[PDB]
Number of protein chains: 2
Amino acid sequence: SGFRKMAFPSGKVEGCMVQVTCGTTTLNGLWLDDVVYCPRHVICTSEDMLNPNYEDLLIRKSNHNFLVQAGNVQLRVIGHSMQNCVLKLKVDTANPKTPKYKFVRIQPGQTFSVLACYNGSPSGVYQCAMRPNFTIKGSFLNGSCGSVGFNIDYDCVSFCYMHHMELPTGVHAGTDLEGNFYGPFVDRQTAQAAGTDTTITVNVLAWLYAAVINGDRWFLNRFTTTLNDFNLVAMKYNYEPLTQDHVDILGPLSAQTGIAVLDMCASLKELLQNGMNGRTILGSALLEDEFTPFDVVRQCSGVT
Amino acid sequence: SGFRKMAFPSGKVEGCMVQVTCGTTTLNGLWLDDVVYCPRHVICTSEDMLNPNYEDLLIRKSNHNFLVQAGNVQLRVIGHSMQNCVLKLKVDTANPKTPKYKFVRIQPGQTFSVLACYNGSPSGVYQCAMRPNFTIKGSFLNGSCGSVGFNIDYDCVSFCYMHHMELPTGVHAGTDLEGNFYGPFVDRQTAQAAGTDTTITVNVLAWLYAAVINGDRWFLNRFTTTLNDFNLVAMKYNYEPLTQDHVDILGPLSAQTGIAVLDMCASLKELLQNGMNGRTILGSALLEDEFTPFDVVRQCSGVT
Ligand SMILES: *CC(=O)N(c1ccc(F)cc1)[C@@H]1C=CS(=O)(=O)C1
Ligand SMILES: *CC(=O)N(c1ccc(F)cc1)[C@@H]1C=CS(=O)(=O)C1
């Protein structure tokens, strides 16, 4: 019993983190096989970041301008290329700690662990979600750029995020490992505002199932609803519309608890309309939306 | 910017986790040098757990009854001893991934990361606190016993917790790595109730400093208080009494923000007396008490 915001174990990713220095800019890179991935802004001064021309900035950079350090051992750079908003630095040595891995571009509402790093050195690990507005709510200081987000399926690390930007509102923007930003964000120090931070409705419902499974049942009511009726309440409270896909995805939790998805929706509806009345659910005073149905099943069944 | 419930990177501890099987009981052990540490209840059936005599149960056990598996490689057990509520299994092979480590017995209010494991395989990592009632609020299924809690100071892992017990109220009890339970808990399936879960006042104040540092300032008020006046409000709300030691410990955060500790206490006092009025602080709708002053400084300054 107990339900906690749980990150994946970080060891497989710890073994991939390096320091990348270009001129006087230092951040983190990801060493997989004989390639180091890092944000392309490694070639910028903060002055450059106002209106960088990356192709032009890159022309002034050679392989030997990219200083790559893995602990206290320097890697030899034998090639460099820009792919979207990341640099791929070819090094002469395959990372011996390269795990089985994939690059995956995740959808909003999907969760992942972030290994926060400074100078190629891990500081900590936490769980995030790709927000419906394609921001993440991270913890990232200066030097944290190139820290990555990942899921692990048994032995295979799926890299889904690299950290690039803090918006002036203190939320976070970044790319997949092909260097494509999530959402409309750009690696430029400009006016970029996040859209509505909508709540991930299917994740709240998953978490409500998690609560029932772990003894927190006070919010279960005598009501049901329909997707259409629920969705009118969702709209009002800036919740993502619930689809039949989401209902289908909640089927296993539905089955395990014997609470029909639409009954749990009716529970959520009352909670949105009435608030918590100073009560808590799984030690939270608001509706948590950064556990997927998959996360709840995983943590409730003890997958490794 | 951003402030998250951050666990230490888990790789150094991942490399110490093994599976321990005695007869038909399987749980997790910690392999450091040529010793595997695991809960002594590894020798029990659930039937035994009602009134176990561990010394008597142990007499029926030989070195070869302790099956120790590190990934898919079996360790040879060359000795076994009971120390309090843990077994030390001497194996013929030093763990090659043994990090620099200490065993430390932590105080209530102190935080640590838990690497949840099943069959010696890591499932996830989360941050905990030793509660004033010597429970932790974990996420532990059957098979999770012998999962450990740790802090990391640069290269040195300080092991402070091994998981033994779930109380019928779904909170968690365990030992330090010398096998001494935190609090009055015992490795027996009996009537054990947790005392008052008091809030760790110094941790709430640290977290309020963290919020100010990261832009959340609405709860800052025009008031101050005294330790004695604050403590009357603390009592009423089941908060730990604040000591001059706690004020001293908050000095660096005080200095960095320019908010006197007693002014932040007055802020906390108003929040306790008035609630949040449906507002949030660092994305929480209640007062978080599982960040130490040390945690806030660490995460706000980017220590690795
Ligand atoms: C994103 C980051 O970590 N930093 C950075 C790097 C390059 C830029 F153009 C902007 C920001 C950070 C700033 C100073 S540093 O020490 O080089 C790293
Ligand atoms: C604590 C734990 O993980 N388990 C356990 C072990 C021994 C006991 F006496 C009680 C509980 C868990 C129960 C079954 S198991 O698969 O052996 C592990």
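Residues numbered from 1 in each chain as written, not as in the entry; some residues may be left out. Chains lettered and ligands numbered in written order. Heavy atoms only, no water.

Per the PDB record, this model was obtained through X-ray crystallography at a reported resolution of 1.8000 Å.

Chemist: Describe in detail the sheet that holds strand β2 (residues 25–32) of chain A, supporting the description with residues and values.
Modeler: Through backbone hydrogen bonds, the strands of a sheet pair up, either in parallel or in antiparallel fashion. All names here are of chain A. Taking strand neighbours across the sheet as the criterion, the seven strands line up as β5-β4-β1-β2-β3-β7-β6 in an open arrangement whose pairing is antiparallel. In the strand order of this sheet, the two ends are held by β5 (73–75) and β6 (77–83), each with one partner. The mean inter-strand angle of the sheet, taken between neighbouring strand axes irrespective of direction, is 30°. As paired strands, strand β3 (residues 35–39) and strand β7 (residues 86–91) are joined by five bridges and run antiparallel to one another. (Pairing = 2+ DSSP bridges. Helix = DSSP H or I, 4+ residues; strand = E, 2+ residues; numbered from the N terminus. Axes fitted to C-alpha atoms, helices over the stretch in contact; angles between N-to-C directions.)

Chemist: Describe the pattern of salt bridges, listing the residues and the values that go with them.
Modeler: Residue and element names in this part refer to chain A. Applying the stated criterion to the full structure yields 22 salt bridges over all chains. Where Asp187 meets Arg40, a salt bridge forms, and the shortest distance between an N and an O atom there is 2.7 Å. Taken together, the residues span a long stretch of sequence, with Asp187 in the loop between β13 (172–175) and α3 (201–213) and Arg40 in the loop between β3 and α2 (54–59) at a distance of 147 residues. Its relative accessible area of 3% is what places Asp187 among the buried residues. The exposure class assigned to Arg40 is buried, which follows from its relative accessible area of 15%. Between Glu290 and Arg131 there is a salt bridge, with the nearest N and O atoms lying 2.8 Å from each other. Residue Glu290 is located in the loop between α7 (261–274) and α8 (293–301), and its partner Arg131 is located in the loop between β10 (121–129) and β11 (148–153); the two are separated by 159 residues in the primary sequence. On the basis of relative accessibility, which here comes to 6%, the residue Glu290 falls in the buried class. (Salt bridge = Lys/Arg side-chain N within 4 Å of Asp/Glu carboxyl O. Buried < 20%, exposed > 50% of the residue type's maximum accessible area, 1.4 Å probe, protein only.)

Chemist: Tell me what's going on with the relation of the copies chain B and chain A, and back it up with residues and numbers.
Modeler: Structural alignment of chain B on chain A gives an RMSD of 0.0 Å, achieved by rotating through 180° and translating 0.0 Å along the axis. Classification of the inter-copy transformation places it as that of a two-fold axis. Closest approach to the rotation axis among the C-alpha atoms of chain B is made by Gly11 of chain B, whose C-alpha sits 1.7 Å away. A high fraction, 100%, of the interface residues of chain B reappear at the interface in chain A, so the copies pair face to face through one surface. (Least-squares fit on C-alpha atoms. Contact = heavy atoms within 4.5 Å.)

Chemist: Describe the site of ligand 2, with residues and values.
Modeler: All names here are of chain B. As a structural note, the neighbourhood of ligand 2 is formed by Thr25, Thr26, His41, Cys44, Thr45, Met49, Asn142, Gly143, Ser144 and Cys145. In the complex, 75% of the free accessible area of ligand 2, which totals 420 Å², lies under the protein chains. Residue composition of the shell around ligand 2, by class: three nonpolar, seven polar and no charged. Each of two domains, domain 1 (1–14 + 100–197) and domain 2 (15–99), supplies a minimum of three residues to the shell around ligand 2. (Near = heavy atom within 4 Å. Areas by Shrake-Rupley, 256 points an atom, 1.4 Å probe, with all protein chains shown as cover. Nonpolar A, V, L, I, M, F, W, Y, C, P; charged D, E, K, R; others polar. Domains from an automatic or database assignment.)

Chemist: Lay out the packing of helix α4 (residues 227–236) of chain A against α7 of chain A in plain terms, naming residues and giving numbers.
Modeler: Residues and elements named next belong to chain A. The N-to-C vectors of α4 and α7 enclose an angle of 25°; their axes lie 10 Å apart at closest approach. As the angle between them shows, α4 and α7 are arranged roughly parallel. Crossing handedness for the pair α4 and α7: left-handed. Contact residues: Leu227, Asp229, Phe230 and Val233 in α4; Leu262, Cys265, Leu268, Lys269, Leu272 and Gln273 in α7. The residue inventory of the contact of α4 with α7, partitioned by class, reads seven nonpolar, one polar and two charged. (Parallel < 35°, antiparallel > 145°, perpendicular 65-115°, else oblique. Left-handed = near helix turned anticlockwise from the far one by under 90°.)

Chemist: How would you explain the interface of chain B and chain A if you had to name every residue and give the values?
Modeler: Chain B puts 44 residues into the contact, and the matching count from chain A is 44 residues. Together, the buried faces of chain B and chain A total about 3,000 Å²; carbon and sulfur atoms form 55% of this surface. Of all residues in chain B, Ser1, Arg4 and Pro9 of chain B bury the most surface against chain A, accounting for 23% of the area lost on that side. Between the two partners, chain B and chain A, sit two salt bridges. Measuring nitrogen to oxygen at the nearest pair gives 2.6 Å for the salt bridge that ties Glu290 of chain B to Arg4 of chain A. At the surface where chain B touches chain A, the tally comes to 23 residue pairs in polar contact. Of all the elements in the fold, those that place two or more residues in the side of chain B that touches chain A are α1 (11–14), β9 (111–118), β10 (121–129) and α8 (293–301) of chain B. If one sorts the elements of the side of chain B that touches chain A by residue count, β10 of chain B sits on top with eight residues. Considering only residue class, the side of chain B that touches chain A consists of 18 nonpolar, 19 polar and seven charged. (Buried area = accessible area lost by both parts, 1.4 Å probe. Polar contact = N/O pair within 3.5 Å; in protein donor to acceptor, adjacent residues only side chain to side chain.)

Chemist: Residue-level account of the packing of α3 of chain A against α8 of chain A, with values.
Modeler: When two helices pack together, their arrangement is given by the angle between the helix axes and by the axis-to-axis distance. Residues and elements named next belong to chain A. One can describe the packing of α3 onto α8 by two numbers: an axis separation of 8 Å at closest approach and a directional angle of 20°. When the axis of α3 is compared with that of α8, the two are roughly parallel. The handedness of the crossing between α3 and α8 comes out as right-handed. Seen from α3, the contacting residues are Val202, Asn203, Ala206, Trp207, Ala210 and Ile213; seen from α8, they are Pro293, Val296 and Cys300.

Chemist: Can you tell me about unusual backbone geometry, naming the residues and giving the values?
Modeler: Residues and elements named next belong to chain A. The phi torsion at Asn238 lies on the positive side, around 55°, for a residue other than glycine. When you line up the elements, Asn238 lands in the loop between α4 and α5 (244–249). Unusually for a residue other than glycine, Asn277 sits at a positive phi of about 50°. Of note, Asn277 is situated in the loop between α7 and α8. Assessed through its relative accessible area of 55%, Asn277 is described here as exposed.

Chemist: Can you explain the nonpolar core? Please cite residues and give values.
Modeler: One finds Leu30 and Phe159 of chain A together with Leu30 and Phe159 of chain B to be the most contacted residues of the largest nonpolar core, which totals 40 residues. For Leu30 of chain B, the residues in contact, after removing those within four places along its chain, are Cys16, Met17, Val18, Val35, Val36, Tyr37, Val148, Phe159, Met162 and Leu177 of chain B. Counting 37 residues, the second largest nonpolar core, distinct from the first, contains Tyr209, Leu227, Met264 and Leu271 of chain A. (Core = buried A, V, L, I, M, F, W, Y, C linked by side-chain atoms within 4.5 Å.)

Chemist: Residues and numbers for the environment of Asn84 of chain B, please.
Modeler: All names here are of chain B. Tracing the backbone through its elements, the reader meets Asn84 in the loop between β6 (77–83) and β7 (86–91). With relative accessibility at 36%, the residue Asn84 sits in the partly exposed group. Distance from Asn84 to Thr292, taken between C-alpha atoms, is 29 Å for residues 208 residues apart in sequence. When sequence neighbours within four positions are dropped, the list of residues in contact with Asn84 reads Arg40, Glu178, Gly179 and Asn180. Only 2.7 Å separates the side chain of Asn84 from the backbone oxygen of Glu178, close enough to count as a polar contact.

Chemist: Talk me through the environment of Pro293 of chain A; I want residue IDs and the actual numbers.
Modeler: Along the chain, the position of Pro293 of chain A falls in helix α8. Taking C-alpha positions, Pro293 of chain A is 8.7 Å from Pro252 of chain A, a pair spaced 41 residues apart along the chain.

Chemist: Mind laying out the pairing of β7 of chain A, listing which residues take part and the relevant values?
Modeler: All names here are of chain A. Relative to β7, β6 runs antiparallel, the two sharing six bridges. Counted as the bridge partner of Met82 is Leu87 from β7. The hairpin turn running from β6 into β7, its antiparallel successor, is two residues long, and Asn84 in that turn takes a positive phi close to 60°.

Chemist: Quick one: what's the story with the side chain of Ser284 of chain B, residue by residue and with numbers?
Modeler: Structurally, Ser284 of chain B is set in the loop between α7 (261–274) and α8. From its side chain, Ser284 of chain B meets the backbone oxygen of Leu286 of chain B in a polar contact 2.6 Å long. Non-local contacts of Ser284 of chain B, meaning those with residues more than four positions away in its chain, are made with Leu286 of chain A together with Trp207 and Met276 of chain B.

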